[PDB]
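Only one chain is shown below, in structure tokens, and it's the form deposited without the DNA.
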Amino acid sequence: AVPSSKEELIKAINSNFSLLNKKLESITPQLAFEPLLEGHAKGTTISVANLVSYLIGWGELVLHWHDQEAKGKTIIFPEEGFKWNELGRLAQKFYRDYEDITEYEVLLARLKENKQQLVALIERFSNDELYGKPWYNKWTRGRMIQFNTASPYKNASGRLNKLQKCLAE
């Protein structure tokens, strides 16, 4: 069962990130920029660095939703200029957004900073606000956050494992 509560959400994020980050920092910086991971669109391919860029971009987007909300603005889901059925293009935006960060260690620091900001964001909400009602539709606030943090962290961990098929070589 996915997290059903504030404390469960934070623990899932912390524990998923911690496993992911261990795997990421074991990857030598040069290999991290090789285009070796299959994308979900047939014949597309991405790097580990693209994958990290993707996670940062989703985290920043989650933070942006809440920044918009706090300022009394209306949130555009998933993102201004994008429908949910344009998510592949939103993914490409995230690769481009961080493609100039050539140094792997610097990219990883940005990811870790984003994760810490996400946890601080969550801490600002009570359990009732996170999991007690719906937010923008039937999905709770906590669930929407989970979708775009704890879940992609776990999936990313698995993708790196599968890439290891050729890393210790």
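From 1 onward, residues are counted along the sequence shown. Rigid core (definition): largest C-alpha set, two forms, superposition within 1.5 Å. Residues that one form lacks are left out of the comparison.
There is also a form deposited with the DNA bound; it is not shown, and the following applies to it.
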query	finding
Close approach of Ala109 to the DNA in the deposited bound form, 4.5 Å, heavy atom	no
4.5 Å heavy atom contact, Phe125 and the DNA in the deposited bound form	no
4.5 Å heavy atom contact, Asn16 and the DNA in the deposited bound form	no
Exercise: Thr74 in contact with the DNA in the deposited bound form, heavy atom 4.5 Å	no
Contact residue in the deposited bound form, chosen from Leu31, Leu37, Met144, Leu63 - any heavy atom within 4.5 Å of the DNA	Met144
Stretch in contact in the deposited bound form with the DNA, which is absent here, among 135-143, 100-108, 114-122, 66-74 (heavy atoms within 4.5 Å)	135-143
Residues in 39-63 with any heavy atom within 4.5 Å of the DNA in the deposited bound form	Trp58
Moved residue between the shown form and the other one - picked from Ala120, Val106, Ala70, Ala41, where its Cα shifts 2 angstroms or more relative to the rigid core	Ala41
Sequence-ordered runs, three or more residues, C-alpha shift 2 Å or more between the shown form and the other one, rigid core	40-43
